[PDB]
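Fold and contact review
What follows is each chain in one-letter form.
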Amino acid sequence: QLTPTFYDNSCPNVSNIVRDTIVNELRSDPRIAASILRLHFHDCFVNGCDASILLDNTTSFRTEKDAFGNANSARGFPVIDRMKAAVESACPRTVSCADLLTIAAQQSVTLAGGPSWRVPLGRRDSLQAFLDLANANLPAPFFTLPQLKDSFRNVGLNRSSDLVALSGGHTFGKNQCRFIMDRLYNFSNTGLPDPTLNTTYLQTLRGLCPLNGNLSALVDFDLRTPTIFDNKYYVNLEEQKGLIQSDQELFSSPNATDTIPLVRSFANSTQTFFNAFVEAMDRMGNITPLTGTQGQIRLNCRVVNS
Ligand code: HEM
Ligand SMILES: [Ca+2]
Ligand SMILES: [Ca+2]
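Residues numbered from 1 in each chain as written, not as in the entry; some residues may be left out. Chains lettered and ligands numbered in written order. Heavy atoms only, no water.

- In its metadata, the entry names X-ray crystallography as the structure determination method and reports 1.60 Å as the resolution.

Below you can see the structure in the form of structure tokens.
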């Protein structure tokens, strides 16, 4: 069983070391908090939160970093290396990369203005990476609501609250133009923009992502508060201003009878959202963890111990 007090004796300063690292990095890279939270999400959705995503290539298995959902998208790996080295210095061979990334995600959310809580700990590190599983399990921005629900249920999150609350991770961070081009110019081969995208916002996004323009150009997920972790993400959805298809579908999909009330509840109360986010975050962090003597306490998050 995972427990928040796992390192209270062996490494009481772990959370503070992680926090210090992120604070330092945020000065030169204001996007790092968002990037780190996403790394935890992509770790947990592939064989559970086992730091499998942090492993680099080997001749026996491919890295998840080359998965369609990670390649030229996932970032912040050097920052994780930095905090790992710092923690290893303070507490040698004690904190797993899986737990380190979980704490990093929570601290990132808190630093960006989100809720503060102690995450369950005790996870251990994988002995391999899963590229095929990552390609199959990570959801995509073009997924319909039923597909999004399927993707979450596939890894163990059955609740619509899990989906709606965790999607709130898009209250900050960046998104490449490539992922919304269809919504802006030719959605579902209709030759027209996605009708669920506010027409005023449509104009703005078209200006940032012109047809035949730089597809790697970055756009803010939350037009209200781009770098602050708050419930503004849901207020946007209510106004048809969700950035990607998967965001807006939570409010506009024909299958959103169960998600619409959740979107409204989170937009109406920061407390309601934050409570649900913590609840969902801990549920995601509890996905098929390796515990006890299973797996290892990786010394270098990029490679399995030898
Ligand atoms: C529900 C399905 C989801 C889909 C389809 C999805 C899709 C995406 C896409 C397309 C990007 C842009 C990547 C890029 O342009 O490089 C992204 C970024 C991001 N996502 Fe999600 N996401 C989902 C759920 C989540 C969840 C559950 C979290 C975390 C709790 C999360 C946190 C983030 C953050 C913070 C970023 C910004 C990262 C950065 O700026 O470096 N996402 N997501
Ligand atoms: Ca994983
Ligand atoms: Ca925000």
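From this point on, the discussion continues.
**Details of the overall build of the protein**
- A tally of regular secondary structure across the protein gives 13 helices and 2 strands.
- In summary, the protein has a C-alpha radius of gyration of 19 Å against a globular reference of 19 Å for 306 residues, a match within 12%.
- Dimensions of the protein, computed from C-alpha atoms along their principal axes, come out at roughly 55 × 45 × 35 Å.
- Looking at the protein as a whole, 53% of its 306 residues are labelled buried.
- Within the protein, counting contacts between residues at least 6 apart in sequence, those at least 24 apart form 75% of the total.
- Accessible area of the protein: about 13,200 Å², with a carbon and sulfur share of 51%.
- Placing the 27 positive and 28 negative side-chain charges of the protein at their respective mean positions leaves the two points 2 Å apart. (Helix = DSSP H or I, 4+ residues; strand = E, 2+ residues; numbered from the N terminus. Rg over C-alpha atoms; globule rule 2.2 N^0.38 Å. Buried < 20%, exposed > 50% of the residue type's maximum accessible area, 1.4 Å probe, protein only. Contact = heavy atoms within 4.5 Å. Areas by Shrake-Rupley, 256 points an atom, 1.4 Å probe, with all protein chains shown as cover. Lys, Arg positive; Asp, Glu negative; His and termini not counted. Charge placed at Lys NZ, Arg CZ, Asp CG, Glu CD.)

**What about the state of the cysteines?**
- Throughout the structure, instances matching the rule amount to 4 disulfides.
- Put simply, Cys11 and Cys91 are joined by a disulfide, and their sulfur atoms are 2.0 Å apart. On the sign convention where negative is left-handed, the bridge of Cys11 and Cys91, at about 85 degrees about the S-S bond, is right-handed. Remark: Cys91 occurs in the loop between α3 (77-90) and α4 (97-111) and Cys11 occurs in the segment before α1 (14-28); sequence separation between them is 80 residues.
- Residue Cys91 is classed as buried on the basis of its relative accessible area, which comes to 7%.
- Between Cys44 and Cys49 runs a disulfide, and the two sulfur atoms are separated by 2.0 Å. Judged by the sign of its S-S torsion, about 110 degrees, the bond between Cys44 and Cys49 is right-handed. Both residues of the pair, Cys44 and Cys49, belong to the buried class.
- Numbered by order of appearance in the sequence, the disulfide-linked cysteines of the protein pair as 1-4, 2-3, 5-8, 6-7. (Disulfide = S-S within 2.5 Å.)

**Considering the coordination of the calcium ion (ligand 2)**
- Every protein donor of the calcium ion (ligand 2) is accounted for by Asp43 (O), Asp43 (OD), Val46 (O), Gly48 (O), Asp50 (OD) and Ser52 (OG), and the metal-donor separations fall at 2.3 to 2.5 Å.
- Taken together, the 6 donor atoms coordinating the calcium ion (ligand 2) span angles of 70 to 163 degrees at the metal, a pattern that classifies the geometry as irregular.
- Expressed as a motif, the donor residue spacing for the calcium ion (ligand 2) is D-x2-V-x1-G-x1-D-x1-S.
- By relative accessible area, which is 1% here, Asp50 ends up buried. (Donors = N, O, S within 2.8 Å, 3.2 Å for Na, K, Ca; no water. Tetrahedral: all angles 85-135°; square planar, octahedral: opposite > 155°, others 65-115°.)

**Looking at the environment of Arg224**
- Structurally, the position occupied by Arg224 is in the loop between β2 (218-220) and α10 (232-238).
- Here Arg224 falls in the partly exposed class, since its relative accessible area comes to 34%.
- Between the C-alpha atoms of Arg224 and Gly173, which are 51 residues apart in sequence, the distance is 12 Å.
- Residues contacting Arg224, with those up to four places away along its chain left out, are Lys232, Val235, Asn236 and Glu239.

**What to know about helix α2 (residues 32-44)**
- Over its 13 residues, α2 runs 19 Å from end to end, which matches the ideal 18 Å to within 8%, given 1.5 Å per residue.
- Among the 13 residues of α2, 11 are classified as buried, and the element is accordingly described as predominantly covered.
- Buried within α2 are the following residues: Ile32, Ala33, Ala34, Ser35, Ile36, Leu37, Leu39, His40, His42, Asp43 and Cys44.
- Contact partners of the buried residues in α2: α1, α3, α4 and α13 (270-284). (Expected span 1.5 Å × (residues − 1).)

**Observations concerning the side chain of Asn231**
- Relative to the helices and strands, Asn231 resides in the loop between β2 and α10.
- A distance of 2.9 Å separates a polar atom in the side chain of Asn231 from the backbone oxygen of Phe266.
- Non-local contacts of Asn231, meaning those with residues more than four positions away in its chain, are made with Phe266, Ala267, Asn268, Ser269, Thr270 and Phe273. (Polar contact = N/O pair within 3.5 Å; in protein donor to acceptor, adjacent residues only side chain to side chain.)

**Concerning the site of ligand 1**
- Taken together, 27 residues sit near ligand 1, with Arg31, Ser35, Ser73, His170 and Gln176 positioned nearest.
- Contacts to ligand 1 include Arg31, whose side-chain N or O atom sits 2.8 Å from an oxygen atom.
- Residue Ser73 places a side-chain N or O atom 2.6 Å away from an oxygen atom belonging to ligand 1.
- Given that more than half its atoms are within 2 Å of the pocket grid, ligand 1 belongs to the largest pocket. (Near = heavy atom within 4 Å. 1 Å grid on protein atoms, 1.4 Å probe; cavity = no way out; pocket = protein on both sides within 12 Å on 5 of 7 lines; lining within 4 Å. Sits in = over half its atoms within 2 Å of the grid points.)

**Things to note about unusual backbone geometry**
- One non-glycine residue, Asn47, adopts positive backbone phi at about 65 degrees.
- Positive phi, close to 60 degrees, is recorded for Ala51, a residue that is not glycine.
- Among the structural elements, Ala51 can be located in the loop between α2 and α3.
- On the basis of relative accessible area, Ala51 is assigned to the buried category, the value being 0%.

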